Amino acid sequence: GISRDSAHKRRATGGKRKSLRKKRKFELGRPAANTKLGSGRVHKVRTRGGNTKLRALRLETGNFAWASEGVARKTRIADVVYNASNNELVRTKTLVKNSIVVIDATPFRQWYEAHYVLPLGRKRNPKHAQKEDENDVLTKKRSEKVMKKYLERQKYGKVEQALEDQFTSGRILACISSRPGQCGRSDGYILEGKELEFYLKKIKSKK
Amino acid sequence: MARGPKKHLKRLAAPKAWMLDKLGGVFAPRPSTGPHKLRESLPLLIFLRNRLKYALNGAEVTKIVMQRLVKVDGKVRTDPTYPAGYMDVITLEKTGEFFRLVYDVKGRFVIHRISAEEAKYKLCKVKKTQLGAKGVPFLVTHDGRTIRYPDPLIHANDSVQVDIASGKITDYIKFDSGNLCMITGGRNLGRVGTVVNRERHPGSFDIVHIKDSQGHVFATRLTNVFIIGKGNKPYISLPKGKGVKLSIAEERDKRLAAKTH
Amino acid sequence: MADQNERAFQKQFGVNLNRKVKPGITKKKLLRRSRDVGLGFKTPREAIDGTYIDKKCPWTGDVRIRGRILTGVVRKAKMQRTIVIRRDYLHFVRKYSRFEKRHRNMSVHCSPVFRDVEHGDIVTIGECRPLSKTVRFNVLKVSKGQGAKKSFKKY
RNA sequence: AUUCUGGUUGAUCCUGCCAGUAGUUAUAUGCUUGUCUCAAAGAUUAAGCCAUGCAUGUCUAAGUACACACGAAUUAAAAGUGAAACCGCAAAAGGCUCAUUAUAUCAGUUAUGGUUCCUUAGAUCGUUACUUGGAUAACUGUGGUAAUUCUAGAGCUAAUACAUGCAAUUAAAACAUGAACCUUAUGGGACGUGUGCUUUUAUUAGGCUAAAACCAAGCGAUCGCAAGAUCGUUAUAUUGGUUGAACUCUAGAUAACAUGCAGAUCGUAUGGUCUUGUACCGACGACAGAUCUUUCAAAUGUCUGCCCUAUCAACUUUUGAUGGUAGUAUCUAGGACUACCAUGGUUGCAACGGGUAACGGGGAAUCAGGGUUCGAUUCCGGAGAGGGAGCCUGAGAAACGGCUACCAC
RNA sequence: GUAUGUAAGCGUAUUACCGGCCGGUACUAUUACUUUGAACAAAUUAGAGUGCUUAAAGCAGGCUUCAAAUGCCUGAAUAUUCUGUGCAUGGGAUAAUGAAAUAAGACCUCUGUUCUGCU
RNA sequence: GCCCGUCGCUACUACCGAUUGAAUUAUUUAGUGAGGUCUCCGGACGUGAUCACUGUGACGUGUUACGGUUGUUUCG
RNA sequence: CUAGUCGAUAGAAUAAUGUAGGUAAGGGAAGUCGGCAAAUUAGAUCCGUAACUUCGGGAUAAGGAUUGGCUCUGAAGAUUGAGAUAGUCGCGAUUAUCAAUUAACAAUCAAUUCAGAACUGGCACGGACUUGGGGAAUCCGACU
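Residue numbers (PDB author numbering), protein chains in the order written: chain AI, 2 to 208; chain AE, 1 to 261; chain AL, 1 to 155.
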């Protein structure tokens, strides 16, 4: 019954407002979600008229946006690394909106080698010399239009070095963008341009 | 929606445009939430009982519409307190009556008879030319008709002629300063033609300067003005004498020169 | 004043460094979308070629200017990106047939296009959504911006 | 109907009151009464306590009948009656009261591009059992109990209840991706698929003066044998609103994400079709469901208006005061709440505290004006159902002729 | 004869344009006050209409119909307490504010001797 | 003539006053905490399949068609 | 710990009364000349504080809350600045201006205090020690 009415709150001059209409249904504030990092548990609730809301708690995985080309891949959220609001939202591994998350860098690698025939990041040679089966799916040249179009493509393989390191280490920093307590998903965007320059102050330089 | 939704209507809360008795009964019809507004709608219970006088009480009327005798715009409308708003064509086919809701000279409702071919169509203002409903373009009229696929030239605040046997539009008129009009709901409600000017106040309520047939002028807002044709050229047969808004002396001579005397 | 200084990163909702694949290269000279509040007020230059974020600006934030447009002398400008204006009016009584000087002080948000507002500029405002507990308004034009006698002739 | 008379004095003229006078849907009470027409009527004191009685239920041709109660029985029609009992809906409106409550409620004015909403309305479904699953109440039967308040065990039986899903549920087509192709270019793919709805995130154009010089394709075409460089017009640098603008609407595209939805319903009245194949088909629904719109609303918000009081002048951050960023929660804005950060806000133009025999308004009383006084009370808005608190069902209730505690009785 | 209360010409932004003196446009120091409007429930009140037998009320009701009624309508106005704020518009008396003095007197401008560009 | 206090008696109304007096009403710091909402776990009985129980229908007896005061490992 | 001692007449046994120290159901001053004696409280952080007053105090008035362990987070500083940019010699070696930077700028180093937060156990946490009971009065002396 956690009411969100302003019939508390001593008014803007400081004086108290007195009684006001014992409580009302339309002001209920249901408790929090605190979506931790587990096995996809979702409880659904019933709201103002009719409609339902799917609360995440112990959420597993999300489909993130590669920002600069708009590609969405369902991927494994590893863990959280930052939160602007509260540091117990880091340590207790609560996913909320825009809290910075390490995820995978693998399902963006495999789903780009069509467009990104030079594959990112550079996978290691001393133990992965076997081929299951990349060069056949890099180009194969087809004697036909689309692998010829991959030379009309691959003029966009100019991705930043900062993502080139994380794509080699296979742990890409992505920032969540949905409200997981209110939609039951965590579908973030990969921070690339303006924030990957930023937020590594807020992780690396604060050691 | 709390403590709602207020399903009664006393007397002295209903609009006085219904010209209701004040005593006799202590409630009003409560027009049941149809395609027109609450105060903008003369409910079928008032039209039959009070000013057609065909059914004398609230029980004799529900034996009529449930006999499926009256119908508005081809739909049977057997809700006994259906809203049945303005410019509608109340077609009582037995015994061949063809009624319409048109406001008075004095702005209240009247009784109006028309022809059968006049019962084929009606005029409706448009409010919103939204885009996205069926299929891409879209148009919602004043009375709650969603005429899909209109003409593209028809922007907002025009009126179209919808032949109500179909849902097609066939005669649209542009809101411009050479046009007959009619006012629905102010001080000047029930005054006809022939607008000269809209004073475009950005944000909002650009009030519209109108000049009547007899040369007098008035003014209302844009939501009140309902265009009904070009200069001195309607598309509907106007009521008793034509919304000219007589003086307060002109009641007196007419009450004696046009009386049994 | 601020080169994007908060532990939360500041950015405008809706725009991105989108570099490679795009219909043409619509750089807009910078990736920053500004509105125009369009009630007649000239959209300020610093809202189009400026670098402030201000999610509560009407020109470049999640707001629209609706409702009533009012004015009044600015009174203090201390709290962060909001100011205190002071209306003045004249209430009138029937019994004495004489007016009376009154005043209501309405707090109003002030986006950082108006750096160096100082008491008492004449400003012009307009209602928007409730912004935080007092502020139901947003600045629109520091119109006169001129202390009449005692304020603006420098020294 | 803009009015005054007695009263201080031996006498006078004054200031001054006290008394007279008068109205009061304004309250009691005294005496009084033949008709009659309308008629306020446990508000004040005690929002104190209450016996009984009642005040909320409900069916059409049309969601379900196996009632001997039977209409009926060679119409085993069963449509009558259907009592029941599911289901469906309403019970959140009425009706009362005036305890709270002082910018609160309320009034007028404006917003919601900061929001949800049942129903009535208008668009509103070519995306492998097919017309399936069991199980249930009424009904039989057996019981418990000081308790008519309740209810267990058992035997059955239906659906527009529950649960699953196909015979067109059907793809063609549209159309991309890879792909029969092959080719230099506002050129060409046979086909696999994918194609819905709603959800969520991201990217994209998002409401638009005119000429060339010049150049990459070298397009019609030009120079030319051509390649390929020159230039050059039409269709083509073609998405809406208010048209007061990023309204993020459903629209439009792209990459994708999780969960369901996608008529197994119903009868009046039956037919065209007889090939009688029960193949091919009528109006329909009080029916059902998804989306946009409409309506009845609602909750917030805006500017202005609110009594007495200074023997109340300073207040506001215990543990939000005012603002910032981010968040969480909500239907939604928001210090509504958390986190960090800023030191702000308010007032002699009366803040803050106190008082109220304070519900606010429409309005009522009373004079010539100016006014004082009143408004518990039929209409509107608000609150409350002995007290405070809590919460289920729902579209809607912090409900009380719903439940859950505790206190009092 | 005069009168004067009349509109225009004329000590001129009696205002850039196209229309037949005339429409439509291009085009505008505020505020207070004031004029006219819009906007907003009735009931009440002010009140015109109406022989409820009169009246308080009410919102009905009239009518060669005299021997057939078909017998159309009056209606259910109108302004004030819905004061006040707020919103339009006419006016410029009164009343405050406002300019050009450590710098703006301008140029209708071919205009840039800035360059921001923009389709 | 008028007129003034003290004192005296009678009656009445307010006052200060040890008692750190009593009665009450409204807020509230701190403590204990009913009942609920949420939620980590719990998982009774009853379930679809299944190792499997075996009859007949079947198959080469077993298992299933079909049933079980079937039990069990299986697994939801 | 370093240095220094076990020297106080020793053994057996543990009666009564004692001198010294503990605990005690229920009640809590009834005991008594009189709460003598004992008991309670006590460190620290935060809240909070009355009569009266010489305005300085009263006051630690009163009355409350907190505290262990473990794993974390935040705040408080110091020396170096970092040093773009052009080329030489042969990456080595070699040669310098400043807009800004810039808060634990980037290094390096040091301090121990203060604020939080999870987890945790007769929920015993100032766990020994150290260590005010408090309040309303009267009488006397002002006070040290």
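Ideal placement from N, C-alpha and C gives every residue a C-beta, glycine not left out.
*Would you identify the three-state DSSP class for residue 300 of chain AE, choosing helix, strand or coil?*
Here chain AE comprises residues numbered 1 to 261, so residue 300 of chain AE is not present and cannot be evaluated.
*CB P83 of chain AE to CB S41 of chain AE, shorter than 8 Å?*
Yes. Within cutoff.
*Taking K124 of chain AI as part of the alpha helix (DSSP H), name the residues at either end of that continuous run.*
Membership of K124 of chain AI in any alpha helix (DSSP H) is not indicated, and neither H nor E is assigned to it by DSSP.
*Please classify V136 of chain AE: is it buried, with 16 or more other beta-carbons within 10 angstroms of its beta-carbon, or exposed?*
By the C-beta density criterion, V136 of chain AE is exposed, having fewer than 16 other C-beta atoms within 10 angstroms.
*Should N52 of chain AI go down as buried or exposed, given a rule of 16 or more other Cβ atoms within 10 Å for buried?*
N52 of chain AI counts as exposed, since fewer than 16 other beta carbons sit within 10 angstroms of its beta carbon.
*Check whether the Cβ of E196 of chain AI lies closer than 8 Å to any Cβ atom in chain AL.*
At least one C-beta of chain AL is nearer than 8 Å to the C-beta of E196 of chain AI.
*Measure how close the beta-carbons of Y121 of chain AE and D163 of chain AE come, nearest whole angstrom, since I'm counting them as under 8 Å.*
Indeed, because the Cβ distance is near 4 Å, the residues count as touching under 8 Å.
*Name, please, each residue of chain AL whose Cβ falls closer than 9 Å to the Cβ of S170 of chain AI.*
The contacting residues do not exist; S170 of chain AI stays about 22 Å from chain AL at best.
*When the Cβ atoms of the stretch 12–19 of chain AL are set against those of the stretch 64–71 of chain AI, are three or more pairs found closer than 8 Å?*
By the C-beta criterion, the stretch 12–19 of chain AL is judged to be in contact with the stretch 64–71 of chain AI, since at least 3 inter-stretch pairs fall below 8 Å.
_Suppose contacts are defined by Cβ-Cβ distances below 8 Å. Is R148 of chain AE in contact with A165 of chain AE by that definition?_
It is not a contact, given that the beta carbons lie outside the stated cut-off.
*Three-state class that DSSP yields for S213 of chain AE in the structure shown*: Look at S213 of chain AE here: in three-state DSSP terms it is coil, with no helix or strand label.
*Cα-Cα separation, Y190 of chain AI to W112 of chain AI*: Using only the alpha carbons, I get a separation of about 16 Å.
*Run through DSSP, which three-state label would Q162 of chain AI get?*
In the structure shown, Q162 of chain AI sits in a helix (DSSP, three-state: H, G or I).
*Could you round the C-beta distance between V91 of chain AI and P181 of chain AI to whole angstroms and report it? I think they count as a contact, below 8 Å.*
Incorrect: roughly 16 Å between the Cβ atoms, too far for contact.
*Answer with yes or no whether the minimum CB distance from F9 of chain AL to chain AI is below 8 Å.*
Among the CB atoms of chain AI, one or more fall inside 8 Å of the CB of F9 of chain AL.
*DSSP on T260 of chain AE, reduced to helix/strand/coil?*
Correct three-state label for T260 of chain AE: coil.
*In angstroms with no decimal places, state the Cα-to-Cα distance between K63 of chain AE and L69 of chain AE.*
When rounded, the distance between both Cα atoms is 10 Å.
*Where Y151 of chain AI meets chain AL, residues with beta-carbon distance less than 9 Å*: Correct list: empty, because the minimum Cβ distance to chain AL is about 14 Å.
*Given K203 of chain AI, which residues of its chain have a CB within under 7 Å of its CB, disregarding the five upstream and five downstream residues?*
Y83, listed in sequence order.
*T33 of chain AE lies in the beta strand (DSSP E); which residues open and close that run?*
Counting along the chain, no beta strand (DSSP E) covers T33 of chain AE, and no H or E run does either.
*Nearest-angstrom Cα separation, counted from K76 of chain AL out to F138 of chain AE*: Their Cα atoms are separated by approximately 50 Å.
*asked:* For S100 of chain AI and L90 of chain AL, what's the separation of their Cα atoms in angstroms?
replied: Rounded to the nearest angstrom, the two C-alpha atoms are 52 Å apart.
*Whole-angstrom C-beta distance between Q155 of chain AI and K54 of chain AI, which should lie under 8 Å*: Wrong, their Cβ atoms sit about 44 Å apart, outside the cutoff.
*At which residues does the alpha helix (DSSP H) containing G231 of chain AE begin and terminate?*
Where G231 of chain AE is concerned, there is no enclosing alpha helix (DSSP H), given that its DSSP letter is neither H nor E.
*Verify whether the separation of the beta carbon atoms of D116 of chain AL and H103 of chain AL is less than 8 Å.*
No, these two residues do not count as a Cβ contact at 8 Å.
*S111 of chain AL beta carbon less than 8 Å from that of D54 of chain AL*: In this structure, the beta-carbon distance from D54 of chain AL to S111 of chain AL falls below 8 Å.
*asked:* Quick check: what's the CA-CA separation for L256 of chain AE versus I210 of chain AE?
replied: Those two C-alpha atoms are separated by around 32 Å.
*So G231 of chain AE packs on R191 of chain AE, CB below 8 Å; how close in whole Å?*
The beta-carbon separation of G231 of chain AE and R191 of chain AE, rounded to 16 Å, does not stay under the 8 Å limit for a contact.
_Checking 8 Å against the spacing of the C-beta atoms, do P44 of chain AL and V113 of chain AL come in under that value?_
At the C-beta level, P44 of chain AL and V113 of chain AL come within 8 Å of one another.
*Name, please, each residue of chain AL whose Cβ falls closer than 9 Å to the Cβ of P202 of chain AE.*
Those are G38, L39, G40, listed as they occur along chain AL.
*Would you call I3 of chain AI buried or exposed, if buried means 16 or more other Cβ atoms sit within 10 Å of its Cβ?*
By the 10 Å Cβ count, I3 of chain AI comes out exposed.
*From AE:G178, AE:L48, AE:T81, AE:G85, residue whose alpha carbon lies closest to that of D212 of chain AE*: Sorting AE:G178, AE:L48, AE:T81, AE:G85 by C-alpha distance to the C-alpha of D212 of chain AE places AE:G178 at the top.
*Quick one: which unbroken alpha helix (DSSP H) runs of 4-plus residues sit fully inside the stretch 30–99 of chain AI? Chain order, please.*
If we require 4 residues or more, the alpha helix (DSSP H) runs fully inside the stretch 30–99 of chain AI come out as 89–92.
*asked:* Going residue by residue through the stretch 159–190 of chain AE, where are the continuous alpha helix (DSSP H) segments of at least 4 residues, counting only ones entirely within it?
replied: For the stretch 159–190 of chain AE, not a single whole alpha helix (DSSP H) run of length 4 or above is found.
*Name, in chain order, the residues that DSSP records as bridge partners for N138 of chain AL.*
DSSP lists AL:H109, AL:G126 as partners of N138 of chain AL.
_To be precise: take each residue of the stretch 48–70 of chain AI, compare its Cβ to all Cβ atoms of chain AL, and keep it if any distance is under 9 Å. Which residues remain?_
Answer set for the stretch 48–70 of chain AI: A68, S69, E70.
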